[PDB]
Amino acid sequence: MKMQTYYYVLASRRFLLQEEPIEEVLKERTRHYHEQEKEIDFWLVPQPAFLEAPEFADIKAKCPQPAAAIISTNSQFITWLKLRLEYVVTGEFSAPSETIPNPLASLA
Ligand SMILES: [K+]
């Protein structure tokens with residue numbers, strides 16, 4: 001039942017996986033975490049389930065669909081991604097909750 005804060009950067013799937021690909025960024029960070037033997041705390045989530053929560057209805061309406069998000073418990077990384085990607089929005093939410101039972105779930 002204990003909840004934690006998740007930070008995210010949100011954009012259209014087309015932008016993240018086509019226009020401004022983030023594969024190399026995530027590959028690099030994952031590599032660094034490995035040599036540092038650090039637990040992964042960031043995830044690429046296509047059509048994120050948190051976006052379906054009732055409270056995210058306006059944010060979803062505003063975001064071109066299909067959407068994709070990079071979620072992390074590290075706020076600084078997410079803010080940097082905003083500076084790095086630009087054509088995106090960022091925010092945070094607490095989970096797991098009744099409306100967001102699976103914070104990292106992808107709905108295809
Ligand atoms: K939309």
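Remember, it's 1-based here, ligands and their atoms both numbered in the order they're listed. Sequential numbering from 1 along the given sequence is applied to the chain's residues.
When only modelled atom types and interatomic distance are considered, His32 and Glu35 share a side-chain donor-acceptor pair under 3.5 Å. For the residue pair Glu55/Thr99, the side-chain donor-acceptor check at 3.5 Å is satisfied.
Under the 6.0 Å cut-off for aromatic ring centres, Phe42 and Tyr33 qualify, their centroids lying closer than that.
For residues 86-104, no residue pair satisfies the salt bridge (charged side-chain N to carboxylate O under 4.0 Å, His left out) rule, not counting sequence neighbours.
For the K ion (ligand 1), protein N, O or S atoms closer than 3.4 Å were enumerated as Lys60 O, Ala61 O, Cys63 O, with waters left out.
Side-chain contact between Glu52 and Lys60: present, with at least one pair of heavy atoms (C-beta onward) separated by less than 4.5 Å.
The two atoms that bring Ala95 and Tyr6 nearest to each other are O-CE1, 3.5 Å, heavy atoms only.
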